[PDB]
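As stored in run_3.tsv (TSV, C-alpha atoms):
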chain	number	residue	atom	x	y	z
A	1	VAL	CA	0.00	0.00	0.00
A	2	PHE	CA	1.46	3.33	-1.10
A	3	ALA	CA	0.46	6.72	0.31
A	4	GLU	CA	0.91	10.03	-1.51
A	5	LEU	CA	1.70	12.62	1.10
A	6	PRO	CA	2.06	16.38	0.68
A	7	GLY	CA	5.64	17.54	0.99
A	8	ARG	CA	8.08	20.29	0.15
A	9	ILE	CA	11.67	20.14	-1.03
A	10	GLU	CA	14.20	21.47	1.46
A	11	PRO	CA	17.95	21.79	0.89
A	12	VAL	CA	20.16	19.62	3.05
A	13	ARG	CA	22.28	22.58	4.18
A	14	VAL	CA	21.18	26.21	4.34
A	15	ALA	CA	23.50	29.00	5.47
A	16	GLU	CA	21.93	32.38	6.19
A	17	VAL	CA	24.92	34.68	5.76
A	18	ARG	CA	24.43	37.34	8.44
A	19	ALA	CA	26.59	40.31	9.33
A	20	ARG	CA	28.09	40.04	12.80
A	21	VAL	CA	29.73	43.49	12.98
A	22	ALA	CA	28.06	46.86	12.55
A	23	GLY	CA	29.19	48.94	9.61
A	24	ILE	CA	28.57	50.20	6.11
A	25	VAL	CA	28.63	47.65	3.31
A	26	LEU	CA	31.58	48.95	1.30
A	27	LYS	CA	31.63	46.37	-1.47
A	28	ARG	CA	29.68	43.28	-2.49
A	29	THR	CA	32.09	40.76	-3.99
A	30	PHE	CA	29.89	37.90	-5.23
A	31	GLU	CA	27.50	37.89	-8.16
A	32	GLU	CA	24.00	36.63	-7.46
A	33	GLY	CA	23.03	33.14	-8.58
A	34	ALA	CA	26.55	31.76	-8.80
A	35	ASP	CA	27.94	28.78	-6.95
A	36	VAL	CA	30.27	29.71	-4.11
A	37	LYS	CA	32.97	27.73	-2.33
A	38	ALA	CA	33.72	27.73	1.37
A	39	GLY	CA	35.65	30.83	2.35
A	40	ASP	CA	34.74	32.79	-0.78
A	41	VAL	CA	34.59	36.45	0.17
A	42	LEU	CA	31.08	37.81	-0.31
A	43	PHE	CA	30.76	41.21	1.37
A	44	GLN	CA	33.14	43.86	2.68
A	45	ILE	CA	32.07	45.97	5.66
A	46	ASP	CA	34.26	48.94	6.51
A	47	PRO	CA	36.72	47.96	9.24
A	48	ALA	CA	37.01	51.41	10.72
A	49	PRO	CA	36.57	50.47	14.40
B	1	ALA	CA	-18.35	12.26	-28.42
B	2	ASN	CA	-18.95	15.16	-26.03
B	3	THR	CA	-22.69	15.02	-25.45
B	4	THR	CA	-22.46	18.48	-23.87
B	5	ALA	CA	-21.54	20.21	-27.14
B	6	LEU	CA	-24.43	18.43	-28.84
B	7	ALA	CA	-26.80	19.46	-26.05
B	8	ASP	CA	-25.61	23.07	-26.23
B	9	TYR	CA	-26.22	23.13	-29.97
B	10	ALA	CA	-29.69	21.68	-29.44
B	11	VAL	CA	-30.55	24.25	-26.77
B	12	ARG	CA	-29.17	27.25	-28.66
B	13	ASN	CA	-30.45	26.36	-32.13
B	14	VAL	CA	-33.15	23.67	-32.05
B	15	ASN	CA	-35.21	23.73	-28.86
B	16	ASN	CA	-36.10	27.42	-29.11
B	17	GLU	CA	-37.31	27.05	-32.69
B	18	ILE	CA	-39.52	24.07	-31.87
B	19	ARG	CA	-40.95	25.63	-28.72
B	20	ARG	CA	-41.69	28.65	-30.92
B	21	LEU	CA	-43.83	26.52	-33.23
B	22	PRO	CA	-47.63	26.81	-33.21
B	23	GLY	CA	-49.45	24.12	-31.28
B	24	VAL	CA	-46.63	22.98	-29.01
B	25	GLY	CA	-47.40	23.84	-25.40
B	26	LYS	CA	-44.17	22.63	-23.81
B	27	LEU	CA	-40.73	21.45	-24.91
B	28	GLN	CA	-39.09	19.08	-22.44
B	29	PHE	CA	-35.37	18.97	-23.14
B	30	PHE	CA	-34.36	15.71	-21.48
B	31	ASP	CA	-30.71	16.44	-20.73
B	32	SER	CA	-28.36	18.89	-19.05
B	33	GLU	CA	-27.02	22.33	-19.97
B	34	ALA	CA	-23.51	23.63	-20.55
B	35	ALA	CA	-21.61	24.96	-17.56
B	36	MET	CA	-18.03	25.98	-16.88
B	37	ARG	CA	-16.81	23.11	-14.75
B	38	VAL	CA	-14.14	23.83	-12.14
B	39	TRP	CA	-12.52	20.48	-11.39
B	40	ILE	CA	-10.41	21.31	-8.35
B	41	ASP	CA	-7.53	19.13	-7.18
B	42	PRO	CA	-7.53	19.15	-3.36
B	43	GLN	CA	-3.90	18.00	-3.38
B	44	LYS	CA	-2.89	21.19	-5.18
B	45	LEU	CA	-4.95	23.17	-2.67
B	46	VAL	CA	-3.01	21.36	0.03
B	47	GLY	CA	0.28	22.25	-1.60
B	48	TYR	CA	-0.59	25.93	-1.84
B	49	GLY	CA	-2.08	26.23	1.65

Let me see whether you can do it: turn the structure in this file into structure tokens.
Amino acid sequence: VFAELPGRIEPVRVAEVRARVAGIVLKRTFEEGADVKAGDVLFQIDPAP
Amino acid sequence: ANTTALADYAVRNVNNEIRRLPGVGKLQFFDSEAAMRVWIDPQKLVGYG
């Protein structure tokens, strides 16, 4: 007996990239939609303080 | 054969003419009438909340 159940596709790993330090976003390095590798620099917040 | 198209043709073109005729006091169309059918899929409704 087979049951058809309602379901949604979820990615195995999701990383919400969040800024930990307050500042002004000087430069966005990545282009949207691309594939990124671990450690690839994405954003640049001004390191004044 | 879609009996509904045939019935719609009969209602739009034939039944009115005959009921218009002299002597006939009542035309009994012994079938259904066209209607936009909305066949909903409750599984899709489930998927979309």

| If we count all atoms listed in the file, which residues of chain A reach to within 9 Å of chain B? Please list them as a PyMOL selection string. | chain A and resi 5-8

| field | Polymer residues at most 12 Å from residue 5 of chain B, only C-alpha atoms, same-chain spacing of 3 or more positions, as a list in words | value |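 Here the qualifying residues turn out to be residues 1, 2, 8, 9, 10, 11, 12, 13, 31, 32, 33, 34 and 35 of chain B.
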
| What gap, in Å, lies between atom CA of residue 32 of chain A and atom CA of residue 14 of chain A? |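 According to the coordinates, atom CA of residue 32 of chain A and atom CA of residue 14 of chain A are separated by 16.0 Å.
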
Edge lengths and centre in Å to one decimal, as lines of an AutoDock Vina configuration file, of the axis-aligned box that encloses all listed atoms of segment 14-32 of chain A with 3 Å added on every side?
center_x = 26.6
center_y = 38.2
center_z = 2.4
size_x = 16.9
size_y = 30.0
size_z = 27.1

| task | Just the residues within 12 Å of residue 44 of chain A, please, counting only C-alpha atoms, with nothing from its chain fewer than 4 positions along; format it as a PyMOL selection string. | result | chain A and resi 19-30+40+48

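Ranking B:14, B:45, B:39, B:4 by their shortest atom-to-atom distance to residue 27 of chain B, with all atoms listed in the file included, puts B:14 first.
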
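Here atom CA of residue 42 of chain B stands at a distance of 12.6 Å from atom CA of residue 4 of chain A.
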